[PDB]
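Take a look at the structure below.
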Amino acid sequence: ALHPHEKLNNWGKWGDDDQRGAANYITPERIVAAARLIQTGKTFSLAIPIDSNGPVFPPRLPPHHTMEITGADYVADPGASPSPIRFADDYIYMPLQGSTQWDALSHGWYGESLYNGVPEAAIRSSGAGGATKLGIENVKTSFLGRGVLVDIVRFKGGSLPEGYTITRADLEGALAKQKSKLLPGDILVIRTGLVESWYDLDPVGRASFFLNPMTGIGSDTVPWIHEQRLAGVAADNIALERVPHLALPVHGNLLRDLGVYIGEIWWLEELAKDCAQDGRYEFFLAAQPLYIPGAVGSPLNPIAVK
Amino acid sequence: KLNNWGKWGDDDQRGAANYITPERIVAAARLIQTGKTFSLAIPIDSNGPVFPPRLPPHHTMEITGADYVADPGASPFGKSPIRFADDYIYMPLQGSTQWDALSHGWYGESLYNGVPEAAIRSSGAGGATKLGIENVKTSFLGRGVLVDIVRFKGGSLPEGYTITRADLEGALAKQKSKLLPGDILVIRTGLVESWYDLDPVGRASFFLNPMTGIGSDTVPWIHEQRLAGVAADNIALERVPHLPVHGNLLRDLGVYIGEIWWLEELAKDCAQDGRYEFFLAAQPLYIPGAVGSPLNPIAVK
Amino acid sequence: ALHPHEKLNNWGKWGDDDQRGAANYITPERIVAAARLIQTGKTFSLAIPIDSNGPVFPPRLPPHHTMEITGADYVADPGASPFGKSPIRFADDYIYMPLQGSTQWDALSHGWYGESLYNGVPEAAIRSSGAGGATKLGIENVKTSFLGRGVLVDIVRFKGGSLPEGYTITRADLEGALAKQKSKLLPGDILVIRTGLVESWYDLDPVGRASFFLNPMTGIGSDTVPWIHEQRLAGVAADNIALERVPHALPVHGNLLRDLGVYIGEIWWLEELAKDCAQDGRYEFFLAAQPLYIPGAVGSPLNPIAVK
Amino acid sequence: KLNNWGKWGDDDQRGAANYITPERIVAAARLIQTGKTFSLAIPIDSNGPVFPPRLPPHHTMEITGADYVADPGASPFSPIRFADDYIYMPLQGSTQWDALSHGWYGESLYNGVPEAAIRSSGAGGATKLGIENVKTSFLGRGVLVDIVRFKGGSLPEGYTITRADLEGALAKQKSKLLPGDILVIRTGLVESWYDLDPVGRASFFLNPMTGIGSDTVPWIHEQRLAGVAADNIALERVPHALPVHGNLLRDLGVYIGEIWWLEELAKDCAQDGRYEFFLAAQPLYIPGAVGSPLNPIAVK
């Protein structure tokens, strides 16, 4: 299930000091080509709402929004704070892996080294620099380029059964049905439907949700991802890889060996409906991370533009 | 009383974001000819400028590579050959590069389009139940234009200098830049560029000084130009003494305010190739009920 | 049954500008008397651990502890210099938590009904943190209180070693248990009630923990309120989550906080204290249950210590 | 080399907290004769001293009274109306105890605990020497030593408080230290903070700061103190090297308290001549933490 590093890796492909990995496949020419896909100006946000009500993998805590001062305060007391202008201010506490996200190459690995031989000792507490190598700031202008939706739900004409493993054949079959063709630097966005089952669940159902096996991609997608020179793979599930009822070889192979970024908890329902209606599954994607030095991932609001 | 109330209907919660139309996004995309990209964000960390008493953003790890050096058997999520690092942030949503929502500021008892201030509540009571930033989760992706006031003036701006309508129009003309409806205007004042070289005393003084920014007479012009948003590389956008513009932009016009953007590298590039118009991806995070958002604006040429 | 305010309240008892409520029952003489109960020097912490594993009423977040710098950092990088170059090595940490997220006192600013809080304080006085928080009845008003005499009433043992799910603890139960224990309450006492509920939480799996908060929970009922008033208690704490019985109106919250100005303690841990009291027969002790000094807050975490 | 490793056994994680015994708590309780109490905490808010780069504590509300003014129908969770709140803070961000896991030198902490035992919270935090090991400690006898009044005025900037000063102050007060005591030291430093403007507050931490010096450590050992707390930020004198931190936390297993507020207690003791008191200075029960906020209460 875990592909041997020596037979399948991108270490050294972009130099022995590179910290960007497969983001290097997104070059200026790939961005210009993506821009030519903005023909209609349609836009879609591929994020879930950042609030305390969304899926987040235990033991991670849900994002938590609080206000510092509100409109209600001025109803209560017109004389709040220091001028005729009235204002509201707020705060957030959240896991950076707590919502729609990119995971950096510093997020996961196996053994004592990360992508391109970076030692795990380089990934420290925040007060010691956090991810001092392979931090998400290395890709603060990346993931703006060409995106491609693969709608596995519509390809399967049904429910992915509980814990279904999405294969190479499934991905290629869906792209063929769509008459889509991948290019180097593409960000692949996979619709599994899993997040579309969350919000209707009651509290017991939401506990069960994470105890269940969960649909996602399998090990035989990893050579394909390498062959297609994708920069990142995102999905509308929580762990990208299929999760059983714990090896996680796809995480290890993508992040450490290929230097390919992982996107999770994206929201693809409205994008997928639009692509079904206009037949265009390739689009311009603005999926830049936040500029967070030493972080091992970021929340974002990916925008698909057609 | 100059205002846009009702312009887009009595139920509208998006304001001047409605100037960004699909056709205008298509036009902006045609500006992507080289593929050059520039992040207009400052780093999110505890060392950036933030208006007191706002807390600096604060990053912590939940588990790190160092933990596995210390204890190879670390199993945050159970026994696995896979090793992981996870992290967290606490920050003001007004604590870094930001958009301010229309729910961020007003005067009197009403916000944009007659929304009562009673609609803007604690997070447990819905936060901004109207005019929350989620209303523009697909906005601020379109055409951007830089106006470089430092370059126009030929020197660093005086402490507390009021940037006038004449300065904005004059600088755009010298650049041969033409604004279009729906544009996001990004203003280089230079103020934030001074921050990172400051020592702790300098950083305290930074917020005691008057601070350069736009003045009241820019508001009719911003209205006439049908801008969707105005952002700057200062902390408060408008000039601050040792806030009429906030009130008029957010409440009366429904025009968004961007603060603590980073424009130094973009400004050098635009001076070189002569192009101050670009495609801008400056979408907010999707945070329902929030009164603003962090972001990472990307200028694309 | 919500007890009518006019028949049962302490408004004005300690003046119409008072913000401390029943904490005023704890007097220097009552503290001196409580200190005389320190005869053996046995100590018991009545707190649950502050971590992300404890009971917290949804949608409140679990407390969350993170490190800023750790020993592991120096294993990975001996030269780690967080402050900076030094032979001394440091570890530092942070917490994010609800102040109602663990073992707690709830201030009189935490709960009320209608438009007024204890002693006629307008609800408009309780604002966002940036506008002063609880500008009246904040927990700082009792930064020196809740150190005095405590009395355990072990309702679990009184009822034979267990309480049914959702059981309503009555006046008669409280008096009956105190009589069995040969305990006598005095004005100013902090009453600590063992319901056993928190003793069932930690073995639950994620589904069980979700169910825990969806179903009825044992606690005190409405007819305990006049008794609490009678007895001139300063505060009432329990090892459940809501103090009063919760169904599958919450009049007790309203009557205690608003009408009487009596403080509510929740998610205390009483199992070891109760075992000790069963063995030595002493249910009255010195209690150090001071809140944190947090101006404008509507409650506080704490580590209550029973001293015998 | 002076140290307590092994004094309380190889498995011990409590250090000098073991000097506080039941009999010593009983003795301390007899000092409660007036029933007067004093909080020795500063307010937890964003306005207090906190050593950079630590951030100030930050209080926010989840729901407030104002919400029901704006919207009578607010239903966060009823006729009952509720206010709920949150705190984000460094555990070293206010009045505090520092655990034995907070500081050391070399690769070993108190009693030979490896520094590899002190990990991220997701990996157990301080898996040994966490503050939970003393969740019932620091309730016992406290003694104030008022160095400000002993010196007859405010201490000079960066003044090193010596063994002779501590002994001299105790002698002037007619105080007698006993084993198990918690020593509480008034330097006055925190009493200068709140009147400072933002520039002064920046300078405050760049300046040398008054505190105890190296020659106090053998005396702290000989006196069998459980912990030493002060109303400065770092306990030991800080220059522009921190041997006292290392010797106390790693070698002796003695706890360090910082940012205590002693103004009102010190005034009371000067008036009635009593500098010994019952102290309730328990930490919060935070497993794997390397310190804790608290509200220490002195009772006389």
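By convention in this document, the chains of the structure tokens carry letters A, B, ... by their order, each chain's residues are numbered from 1, and ligands are numbered from 1 in the order they are shown.
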
Which of stretch 70-232 of chain C DSSP labels helix (DSSP H, G or I), written as a short mmCIF file (atom, residue, chain, number, x, y, z; two decimals) with N, CA and C atoms, in the first residue's frame:
```
data_model
loop_
_atom_site.label_atom_id
_atom_site.label_comp_id
_atom_site.auth_asym_id
_atom_site.auth_seq_id
_atom_site.Cartn_x
_atom_site.Cartn_y
_atom_site.Cartn_z
N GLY C 71 10.29 20.87 26.05
CA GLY C 71 11.56 20.16 26.16
C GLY C 71 11.97 19.51 24.84
N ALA C 72 10.98 18.99 24.12
CA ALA C 72 11.25 18.29 22.87
C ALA C 72 11.97 19.19 21.88
N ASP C 73 11.70 20.49 21.96
CA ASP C 73 12.35 21.45 21.06
C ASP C 73 13.86 21.46 21.23
N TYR C 74 14.32 21.23 22.46
CA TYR C 74 15.76 21.26 22.75
C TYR C 74 16.41 19.93 22.40
N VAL C 75 15.61 18.88 22.37
CA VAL C 75 16.09 17.61 21.86
C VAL C 75 16.30 17.75 20.35
N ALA C 76 15.35 18.38 19.66
CA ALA C 76 15.47 18.54 18.21
C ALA C 76 16.54 19.57 17.82
N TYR C 118 -29.70 40.20 39.55
CA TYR C 118 -29.68 40.40 41.00
C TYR C 118 -29.64 41.89 41.40
N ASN C 119 -30.46 42.25 42.38
CA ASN C 119 -30.51 43.58 42.97
C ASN C 119 -30.87 44.68 41.98
N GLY C 120 -31.54 44.30 40.91
CA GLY C 120 -32.06 45.27 39.98
C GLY C 120 -31.08 45.76 38.93
N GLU C 123 -29.88 44.36 32.59
CA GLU C 123 -29.12 43.45 31.73
C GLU C 123 -28.24 44.24 30.76
N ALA C 124 -28.57 45.50 30.49
CA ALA C 124 -27.73 46.37 29.65
C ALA C 124 -26.34 46.63 30.25
N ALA C 125 -26.16 46.32 31.54
CA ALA C 125 -24.85 46.47 32.19
C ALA C 125 -23.88 45.35 31.83
N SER C 129 -16.88 42.13 25.98
CA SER C 129 -15.65 42.38 26.71
C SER C 129 -15.03 43.74 26.38
N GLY C 130 -15.13 44.18 25.13
CA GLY C 130 -14.55 45.44 24.70
C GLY C 130 -15.34 46.64 25.18
N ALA C 131 -16.49 46.38 25.80
CA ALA C 131 -17.34 47.42 26.35
C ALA C 131 -17.53 47.19 27.84
N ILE C 139 -17.30 38.77 38.35
CA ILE C 139 -16.74 37.88 39.36
C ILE C 139 -15.64 38.56 40.20
N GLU C 140 -15.10 39.70 39.76
CA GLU C 140 -14.06 40.37 40.56
C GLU C 140 -14.64 40.86 41.89
N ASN C 141 -15.96 40.99 41.96
CA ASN C 141 -16.61 41.44 43.18
C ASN C 141 -16.50 40.41 44.30
N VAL C 142 -16.11 39.18 43.97
CA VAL C 142 -15.94 38.15 44.98
C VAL C 142 -14.54 37.52 44.86
N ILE C 155 -25.59 12.95 48.52
CA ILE C 155 -26.92 12.47 48.19
C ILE C 155 -26.84 11.06 47.60
N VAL C 156 -25.78 10.77 46.85
CA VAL C 156 -25.57 9.43 46.29
C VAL C 156 -25.58 8.39 47.43
N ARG C 157 -24.81 8.62 48.48
CA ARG C 157 -24.76 7.62 49.56
C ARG C 157 -26.07 7.60 50.37
N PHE C 158 -26.69 8.76 50.53
CA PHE C 158 -27.97 8.82 51.22
C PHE C 158 -29.02 7.94 50.51
N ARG C 171 -35.70 19.09 48.77
CA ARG C 171 -35.46 19.58 50.12
C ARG C 171 -35.37 18.43 51.12
N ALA C 172 -36.31 17.49 51.04
CA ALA C 172 -36.34 16.39 51.98
C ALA C 172 -35.08 15.52 51.85
N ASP C 173 -34.61 15.33 50.62
CA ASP C 173 -33.36 14.58 50.40
C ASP C 173 -32.18 15.28 51.06
N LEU C 174 -32.08 16.59 50.86
CA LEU C 174 -30.97 17.35 51.42
C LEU C 174 -31.01 17.33 52.95
N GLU C 175 -32.18 17.57 53.55
CA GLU C 175 -32.29 17.53 55.01
C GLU C 175 -32.06 16.13 55.56
N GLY C 176 -32.52 15.13 54.82
CA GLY C 176 -32.41 13.75 55.25
C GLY C 176 -30.97 13.29 55.24
N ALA C 177 -30.25 13.68 54.20
CA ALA C 177 -28.84 13.33 54.09
C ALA C 177 -28.01 14.01 55.16
N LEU C 178 -28.25 15.30 55.37
CA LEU C 178 -27.54 16.02 56.42
C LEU C 178 -27.83 15.40 57.79
N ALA C 179 -29.07 15.00 58.04
CA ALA C 179 -29.40 14.36 59.32
C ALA C 179 -28.68 13.02 59.48
N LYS C 180 -28.64 12.22 58.42
CA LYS C 180 -27.93 10.94 58.44
C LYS C 180 -26.45 11.12 58.74
N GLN C 181 -25.86 12.16 58.14
CA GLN C 181 -24.45 12.47 58.31
C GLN C 181 -24.15 13.08 59.68
N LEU C 197 -22.88 12.41 39.05
CA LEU C 197 -23.04 12.43 37.59
C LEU C 197 -21.70 12.47 36.85
N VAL C 198 -20.77 13.32 37.29
CA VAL C 198 -19.50 13.46 36.59
C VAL C 198 -18.66 12.17 36.68
N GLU C 199 -18.97 11.30 37.64
CA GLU C 199 -18.22 10.05 37.82
C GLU C 199 -18.53 9.04 36.73
N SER C 200 -19.53 9.34 35.91
CA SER C 200 -19.91 8.47 34.81
C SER C 200 -19.39 8.93 33.45
N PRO C 206 -17.27 8.31 22.21
CA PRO C 206 -17.84 9.53 21.63
C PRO C 206 -19.36 9.53 21.48
N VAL C 207 -19.95 8.39 21.14
CA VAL C 207 -21.41 8.33 21.03
C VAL C 207 -22.04 8.52 22.41
N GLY C 208 -21.52 7.84 23.41
CA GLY C 208 -22.05 7.99 24.75
C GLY C 208 -21.97 9.42 25.27
N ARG C 209 -20.88 10.11 24.93
CA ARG C 209 -20.71 11.50 25.34
C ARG C 209 -21.71 12.43 24.65
N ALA C 210 -22.10 12.11 23.42
CA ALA C 210 -23.13 12.87 22.74
C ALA C 210 -24.46 12.61 23.43
N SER C 211 -24.75 11.35 23.73
CA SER C 211 -26.02 11.00 24.39
C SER C 211 -26.13 11.63 25.78
N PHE C 212 -25.00 11.76 26.47
CA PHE C 212 -24.93 12.26 27.84
C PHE C 212 -25.67 13.59 27.96
N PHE C 213 -25.51 14.44 26.97
CA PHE C 213 -26.09 15.78 27.06
C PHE C 213 -27.48 15.89 26.45
N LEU C 214 -27.95 14.83 25.81
CA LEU C 214 -29.27 14.80 25.20
C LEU C 214 -30.35 14.27 26.14
N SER C 222 -36.92 22.56 42.30
CA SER C 222 -37.39 23.88 42.69
C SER C 222 -37.64 24.02 44.20
N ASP C 223 -38.00 22.95 44.91
CA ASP C 223 -38.33 23.12 46.32
C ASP C 223 -37.07 23.16 47.20
N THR C 224 -35.89 23.11 46.59
CA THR C 224 -34.66 23.35 47.35
C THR C 224 -34.38 24.85 47.51
N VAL C 225 -35.02 25.69 46.71
CA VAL C 225 -34.68 27.11 46.68
C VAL C 225 -35.06 27.84 47.99
N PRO C 226 -36.28 27.62 48.51
CA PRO C 226 -36.56 28.30 49.77
C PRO C 226 -35.62 27.82 50.89
N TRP C 227 -35.26 26.54 50.86
CA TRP C 227 -34.35 25.99 51.86
C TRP C 227 -32.96 26.64 51.77
N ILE C 228 -32.45 26.77 50.56
CA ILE C 228 -31.17 27.44 50.34
C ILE C 228 -31.22 28.85 50.91
N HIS C 229 -32.33 29.54 50.68
CA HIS C 229 -32.54 30.87 51.26
C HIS C 229 -32.55 30.86 52.80
N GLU C 230 -33.35 29.95 53.36
CA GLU C 230 -33.49 29.79 54.81
C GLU C 230 -32.16 29.66 55.50
#
```

Could you please tell me, as a ChimeraX atom specification, which residues of chain A have an atom within 6 Å of chain D when using only C-alpha atoms?
/A:66,68,72-73,76

Could you save those same residues with N, CA and C atoms as a PDB file, in the first residue's frame?
```
ATOM      1  N   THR A  66     -15.754  34.649  18.299  1.00  0.00           N
ATOM      2  CA  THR A  66     -16.312  35.499  19.355  1.00  0.00           C
ATOM      3  C   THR A  66     -16.192  36.958  18.941  1.00  0.00           C
ATOM      4  N   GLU A  68     -15.610  40.982  20.078  1.00  0.00           N
ATOM      5  CA  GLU A  68     -15.018  41.847  21.100  1.00  0.00           C
ATOM      6  C   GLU A  68     -15.966  43.003  21.452  1.00  0.00           C
ATOM      7  N   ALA A  72     -25.093  45.340  19.429  1.00  0.00           N
ATOM      8  CA  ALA A  72     -25.929  45.230  20.618  1.00  0.00           C
ATOM      9  C   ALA A  72     -25.393  46.069  21.772  1.00  0.00           C
ATOM     10  N   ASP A  73     -24.081  46.228  21.840  1.00  0.00           N
ATOM     11  CA  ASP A  73     -23.482  46.987  22.925  1.00  0.00           C
ATOM     12  C   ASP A  73     -23.928  48.442  22.899  1.00  0.00           C
ATOM     13  N   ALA A  76     -27.465  48.655  24.134  1.00  0.00           N
ATOM     14  CA  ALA A  76     -27.390  48.590  25.591  1.00  0.00           C
ATOM     15  C   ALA A  76     -26.882  49.894  26.204  1.00  0.00           C
TER      16      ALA A  76
END
```

Going by DSSP on the backbone, which residues of stretch 13-225 of chain A come out as strand (DSSP E or B)? List them as a PyMOL selection string.
chain A and resi 43-45+47+64-69+85-87+89-95+101-103+108-110+113+119+123+131+144-151+165-166+187-191+214+216-217

Residues near residue A:194, anyone? I mean within 8 Å using only C-alpha atoms, not counting same-chain ones fewer than 6 positions away, as a PyMOL selection string.
chain A and resi 214-215+236-237

With N, CA and C atoms retained, write the just-selected residues as a CSV table (one decimal), in the first residue's frame.
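Now in result-v9.csv:
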```
chain,number,residue,atom,x,y,z
A,214,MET,N,-14.5,5.9,6.0
A,214,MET,CA,-14.9,7.1,5.2
A,214,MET,C,-14.3,7.0,3.8
A,215,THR,N,-15.1,7.2,2.8
A,215,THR,CA,-14.7,7.2,1.4
A,215,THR,C,-13.6,8.1,1.1
A,236,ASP,N,-13.7,16.9,-0.9
A,236,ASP,CA,-14.8,17.2,-0.1
A,236,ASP,C,-15.1,16.1,1.0
A,237,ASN,N,-14.0,15.4,1.4
A,237,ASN,CA,-14.1,14.6,2.5
A,237,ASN,C,-13.2,15.1,3.6
```

Kindly provide, as a VMD selection string, the residues of chain C having any atom no farther than 12 Å from an atom of chain B, counting only C-alpha atoms.
chain C and resid 58 to 60 64 to 78 80 92 to 97 126 to 130 133

For the residues in the current selection, export N, CA and C atoms as a compact mmCIF listing (two decimals), in the first residue's frame.
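Just written: result_38.txt:
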```
# COMPACT_ATOMS: atom_id res chain seq x y z
N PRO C 58 -22.60 21.39 25.39
CA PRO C 58 -22.61 21.94 24.03
C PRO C 58 -23.50 23.18 23.94
N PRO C 59 -23.11 24.16 23.11
CA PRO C 59 -21.98 24.17 22.19
C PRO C 59 -20.70 24.76 22.76
N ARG C 60 -20.56 24.82 24.08
CA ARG C 60 -19.32 25.29 24.66
C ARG C 60 -18.15 24.42 24.18
N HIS C 64 -8.67 24.00 25.90
CA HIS C 64 -7.65 23.54 24.99
C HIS C 64 -6.29 24.11 25.35
N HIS C 65 -5.39 23.21 25.74
CA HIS C 65 -4.03 23.53 26.20
C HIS C 65 -3.05 23.33 25.04
N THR C 66 -2.21 24.32 24.79
CA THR C 66 -1.14 24.16 23.80
C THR C 66 0.16 24.70 24.36
N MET C 67 1.26 24.14 23.88
CA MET C 67 2.57 24.62 24.27
C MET C 67 3.09 25.65 23.27
N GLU C 68 3.87 26.60 23.77
CA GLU C 68 4.58 27.56 22.95
C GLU C 68 6.03 27.09 22.70
N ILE C 69 6.63 26.45 23.70
CA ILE C 69 7.96 25.86 23.57
C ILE C 69 8.04 24.73 24.60
N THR C 70 8.76 23.67 24.26
CA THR C 70 8.75 22.42 25.01
C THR C 70 10.14 21.86 25.18
N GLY C 71 10.29 20.87 26.05
CA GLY C 71 11.56 20.16 26.16
C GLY C 71 11.97 19.51 24.84
N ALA C 72 10.98 18.99 24.12
CA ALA C 72 11.25 18.29 22.87
C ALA C 72 11.97 19.19 21.88
N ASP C 73 11.70 20.49 21.96
CA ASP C 73 12.35 21.45 21.06
C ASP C 73 13.86 21.46 21.23
N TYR C 74 14.32 21.23 22.46
CA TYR C 74 15.76 21.26 22.75
C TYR C 74 16.41 19.93 22.40
N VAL C 75 15.61 18.88 22.37
CA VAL C 75 16.09 17.61 21.86
C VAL C 75 16.30 17.75 20.35
N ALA C 76 15.35 18.38 19.66
CA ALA C 76 15.47 18.54 18.21
C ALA C 76 16.54 19.57 17.82
N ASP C 77 16.65 20.64 18.61
CA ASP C 77 17.57 21.74 18.32
C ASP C 77 18.18 22.25 19.62
N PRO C 78 19.31 21.66 20.03
CA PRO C 78 19.92 22.07 21.30
C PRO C 78 20.07 23.59 21.44
N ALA C 80 18.05 25.93 20.63
CA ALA C 80 16.79 26.67 20.72
C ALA C 80 16.94 27.83 21.69
N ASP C 92 6.92 26.82 27.89
CA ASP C 92 5.85 27.83 28.09
C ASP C 92 4.58 27.28 27.46
N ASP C 93 3.42 27.68 27.97
CA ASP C 93 2.17 27.19 27.39
C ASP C 93 1.01 28.18 27.53
N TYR C 94 -0.11 27.80 26.89
CA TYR C 94 -1.29 28.63 26.68
C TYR C 94 -2.55 27.82 26.91
N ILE C 95 -3.65 28.51 27.21
CA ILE C 95 -4.94 27.86 27.27
C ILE C 95 -5.99 28.74 26.60
N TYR C 96 -6.91 28.09 25.88
CA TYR C 96 -8.15 28.71 25.41
C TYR C 96 -9.27 27.96 26.08
N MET C 97 -10.12 28.63 26.84
CA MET C 97 -11.24 27.88 27.40
C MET C 97 -12.45 28.73 27.68
N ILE C 126 -24.39 44.28 31.23
CA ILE C 126 -23.59 43.09 30.96
C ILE C 126 -23.34 43.12 29.47
N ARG C 127 -22.13 43.51 29.09
CA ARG C 127 -21.81 43.88 27.71
C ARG C 127 -20.68 43.01 27.16
N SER C 128 -20.33 43.23 25.90
CA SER C 128 -19.15 42.57 25.33
C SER C 128 -17.91 42.96 26.10
N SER C 129 -16.88 42.13 25.98
CA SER C 129 -15.65 42.38 26.71
C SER C 129 -15.03 43.74 26.38
N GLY C 130 -15.13 44.18 25.13
CA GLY C 130 -14.55 45.44 24.70
C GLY C 130 -15.34 46.64 25.18
N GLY C 133 -17.45 44.08 29.60
CA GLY C 133 -17.94 42.81 30.08
C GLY C 133 -19.08 43.01 31.05
```

Neighbouring residues of stretch 222-231 of chain D were defined as those with any atom within 7 Å, considering only C-alpha atoms; residues of the same chain fewer than 3 positions away were excluded. Please report them as a list in words.
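Once the nearby chain positions are removed, what remains is residues 16, 17, 19, 20, 178, 179, 180, 181, 182, 183, 184, 185, 186, 187, 188, 189, 190, 218, 219, 235, 254, 255, 256, 257, 258, 259, 260, 261 and 262 of chain D.
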
Residue selection dump (N, CA and C atoms) as a CSV table (one decimal), in the first residue's frame:
```csv
chain,number,residue,atom,x,y,z
D,16,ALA,N,10.0,20.3,46.3
D,16,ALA,CA,9.9,21.0,47.6
D,16,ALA,C,8.5,21.1,48.1
D,17,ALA,N,7.5,20.8,47.3
D,17,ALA,CA,6.1,20.8,47.7
D,17,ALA,C,6.0,19.7,48.8
D,19,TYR,N,7.7,19.5,51.3
D,19,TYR,CA,7.9,20.1,52.7
D,19,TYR,C,6.6,20.5,53.3
D,20,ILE,N,5.5,20.7,52.5
D,20,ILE,CA,4.2,21.0,53.0
D,20,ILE,C,3.5,19.8,53.4
D,178,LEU,N,9.8,28.9,58.7
D,178,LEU,CA,9.8,27.5,59.0
D,178,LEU,C,9.8,26.6,57.8
D,179,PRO,N,10.2,25.4,57.9
D,179,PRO,CA,10.1,24.5,56.8
D,179,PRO,C,8.7,24.3,56.3
D,180,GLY,N,8.6,24.3,54.9
D,180,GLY,CA,7.4,24.2,54.3
D,180,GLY,C,6.8,25.6,53.9
D,181,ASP,N,7.4,26.6,54.4
D,181,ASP,CA,6.8,28.0,54.2
D,181,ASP,C,6.9,28.3,52.7
D,182,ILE,N,5.9,29.1,52.2
D,182,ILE,CA,6.0,29.8,51.0
D,182,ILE,C,6.4,31.2,51.3
D,183,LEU,N,7.5,31.6,50.7
D,183,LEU,CA,8.1,33.0,50.9
D,183,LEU,C,7.5,33.9,49.8
D,184,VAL,N,7.0,35.0,50.2
D,184,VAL,CA,6.4,36.0,49.3
D,184,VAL,C,7.1,37.3,49.4
D,185,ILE,N,7.7,37.7,48.3
D,185,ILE,CA,8.7,38.8,48.4
D,185,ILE,C,8.1,40.1,47.7
D,186,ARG,N,8.0,41.2,48.5
D,186,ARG,CA,7.6,42.4,47.9
D,186,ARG,C,8.8,43.3,47.5
D,187,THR,N,8.9,43.4,46.2
D,187,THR,CA,10.0,44.2,45.5
D,187,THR,C,9.4,45.6,45.1
D,188,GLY,N,8.1,45.6,45.0
D,188,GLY,CA,7.3,46.8,44.5
D,188,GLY,C,7.3,47.0,43.0
D,189,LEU,N,7.9,46.1,42.2
D,189,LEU,CA,8.0,46.3,40.8
D,189,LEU,C,6.7,46.4,40.1
D,190,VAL,N,5.8,45.5,40.3
D,190,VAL,CA,4.5,45.5,39.7
D,190,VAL,C,3.7,46.8,40.0
D,218,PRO,N,21.4,29.1,48.2
D,218,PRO,CA,21.7,28.2,49.4
D,218,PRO,C,20.8,28.5,50.6
D,219,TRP,N,20.3,29.7,50.8
D,219,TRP,CA,19.5,30.1,51.9
D,219,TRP,C,18.1,29.5,51.7
D,235,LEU,N,11.2,36.9,39.1
D,235,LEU,CA,11.7,36.5,40.4
D,235,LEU,C,13.1,36.9,40.6
D,254,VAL,N,12.2,23.7,43.8
D,254,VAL,CA,11.5,24.8,44.5
D,254,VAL,C,10.7,25.6,43.4
D,255,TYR,N,9.4,25.8,43.7
D,255,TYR,CA,8.5,26.5,42.8
D,255,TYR,C,8.7,28.0,42.8
D,256,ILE,N,8.4,28.6,41.6
D,256,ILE,CA,8.6,30.0,41.4
D,256,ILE,C,7.3,30.7,41.1
D,257,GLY,N,6.9,31.7,41.9
D,257,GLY,CA,5.7,32.5,41.7
D,257,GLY,C,6.1,33.9,41.2
D,258,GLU,N,5.3,34.4,40.2
D,258,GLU,CA,5.6,35.7,39.6
D,258,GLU,C,4.3,36.5,39.4
D,259,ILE,N,4.5,37.8,39.4
D,259,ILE,CA,3.5,38.8,39.2
D,259,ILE,C,2.3,38.7,40.2
D,260,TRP,N,2.7,38.4,41.5
D,260,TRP,CA,1.8,38.5,42.6
D,260,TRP,C,1.7,40.0,42.9
D,261,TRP,N,0.5,40.3,43.6
D,261,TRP,CA,0.2,41.7,44.0
D,261,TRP,C,0.2,41.8,45.5
D,262,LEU,N,1.1,42.5,46.1
D,262,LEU,CA,1.4,42.5,47.5
D,262,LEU,C,1.2,43.8,48.2
```

Excluding residue A:202 and any residue of its chain fewer than 2 positions from it, enumerate the residues within 12 Å of it, using only C-alpha atoms, and give them as an NGL selection string.
(:A and (53-54 or 197-200 or 204-209)) or (:C and (207 or 210-211 or 214))

C-alpha atoms of the current selection, written as a CSV table (one decimal), in the first residue's frame:
```
chain,number,residue,atom,x,y,z
A,53,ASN,CA,-21.0,23.5,13.4
A,54,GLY,CA,-18.8,21.9,10.8
A,197,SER,CA,-24.0,14.4,4.4
A,198,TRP,CA,-22.7,16.2,7.5
A,199,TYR,CA,-24.9,19.2,8.2
A,200,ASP,CA,-28.2,17.2,8.5
A,204,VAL,CA,-25.0,11.2,17.7
A,205,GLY,CA,-24.8,11.0,13.9
A,206,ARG,CA,-21.9,13.4,14.0
A,207,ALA,CA,-20.0,11.2,16.5
A,208,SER,CA,-20.7,8.2,14.3
A,209,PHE,CA,-19.5,10.1,11.2
C,207,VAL,CA,-21.4,8.3,21.0
C,210,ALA,CA,-23.1,12.9,22.7
C,211,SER,CA,-26.0,11.0,24.4
C,214,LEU,CA,-29.3,14.8,25.2
```
